[PDB]
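What follows is one chain in structure tokens, specifically the form deposited in one PDB entry.
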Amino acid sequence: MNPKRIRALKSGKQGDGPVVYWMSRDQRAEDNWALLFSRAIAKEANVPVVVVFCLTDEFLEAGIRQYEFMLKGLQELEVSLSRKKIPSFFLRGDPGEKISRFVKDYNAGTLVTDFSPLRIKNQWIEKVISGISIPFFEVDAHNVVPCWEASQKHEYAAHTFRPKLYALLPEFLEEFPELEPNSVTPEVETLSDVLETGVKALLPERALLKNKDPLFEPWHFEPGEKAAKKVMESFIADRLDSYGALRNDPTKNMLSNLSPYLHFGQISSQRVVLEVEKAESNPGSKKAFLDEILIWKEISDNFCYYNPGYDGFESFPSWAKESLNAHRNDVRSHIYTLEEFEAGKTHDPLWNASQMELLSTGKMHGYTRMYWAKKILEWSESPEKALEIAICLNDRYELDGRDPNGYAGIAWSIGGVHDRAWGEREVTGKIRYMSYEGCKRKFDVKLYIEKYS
């Protein structure tokens, strides 16, 4: 129980009632520092712990694919917490109104939540803080090293953040204690109903084909905490060995496929890192994978935490902004609208295949994501319109979207965040370029294009 994982958002008079865990980003019962601290605090106060989750009004800004994945897991989570004698309350509406009202209606003693550097989460904290009188803590249950501990400032490169993070692994990379149940079960609708109503409201905006057939295939990733562990186990046993050599090959499915579970916190990245560390496989593949789930994942939280405008042109490096400004007035070879990007109606069959994989599976291969976002910059009227389009399609169709990794990944592709300058070209300037022929020499593009007609 390292106290550096927890941080106080506001101090107050601790009440004589249950400790409330405002679960948001880490939707799991196991390996959850936020829930573990909540139980520890509730134990010292001789009071039970309770979990509250808010089904917010912004769910209509995504699709059915994300909504069902999240709620199906929450249905499983409600069963796990029950076995621990921990009740779970699911509220519908504004977290500011609902969290504050729950604190007063149930006489909460202390309020706890997990950490997310996203703007929407800060928005909720502001409203909640001004509507409660009890202490309020947040715990980093998503990063191995607490975001505010890994670095005190924005890190402009992976090689400047990698040593800082590895130096702190010996202290923060540790096993998880068991979640002790509640002593006695203490004394707002069912999830099957909130799911049915939500799906009905999302159906008109469901992505379809010409024949009114849904595009999304929901049999690629089963949601839940139990499914995530099976995915983790399969990766270490079968794919981890080849990960280092086939991570950049879209035609081969040699990725961990953990992002949907990591995004919703249905599985702890610290748990994955522990299991990987103790697994014997190709050394370079271990290094490659750990580099992605430790450095690149947690540097994205670092990006969004220390850059209020992480989703804007203002957060780009100075060299990228001055380079992109110098080529604003360059004549673009193609200009596509949002609907044209969305439907995969460009001239580049590789880009359209990447969009089709996004629409059909909700998870685009890591390598094609880079190619996908860079051509949006190349075929847009400006870098600002490119960020807008990339963020829209990413957050709308990726199962792992609306995530710090997404904004940090898009900022890398379009603005060169966490990257260096390259040969100066027109339109894209010094931003790293990825040509069509460059991909042909990297993998069998024809197979990838064929798999997503």
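One-based numbering along the sequence shown. By rigid core we mean the largest C-alpha set that fits within 1.5 Å across both forms.
Not pictured, yet referred to below: the form deposited in another entry.
J.: Which residue, chosen from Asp193, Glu314, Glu340, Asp238, moves its CA by 2 Å or more between the shown form and the other one under a rigid core superposition?
T.: After core superposition, the single residue displaced by 2 Å or more is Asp193.
J.: Would you tell me if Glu384 moves between the shown form and the other one by 2 Å or more at its C-alpha, with the rigid core held superposed?
T.: No: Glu384 shifts by under 2 Å between the shown form and the other one.
J.: Indicate whether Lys210 shows a C-alpha shift of 2 Å or more between the shown form and the other one, with the rigid core used for the fit.
T.: The answer is yes, as the C-alpha of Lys210 shifts between the shown form and the other one by 2 Å or more after core alignment.
J.: After a rigid core superposition, would you say the CA of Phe59 moves by 2 angstroms or more between the shown form and the other one, or not?
T.: Comparing the forms between the shown form and the other one, which are aligned on their rigid core, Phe59 does shift its C-alpha by 2 Å or more.
J.: Report the direction of the Cα distance change between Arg28 and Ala201 in that other deposited form, compared with the displayed form, as closer or farther; the change is 3 Å or more.
T.: They are closer; the C-alpha distance drops by 3 Å or more in that other deposited form.
J.: Distance change of 3 Å or more between the C-alpha atoms of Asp193 and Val79 in that other deposited form: closer or farther compared with this structure?
T.: It is closer: in that other deposited form, the C-alpha atoms of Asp193 and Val79 lie at least 3 Å nearer than they do here.
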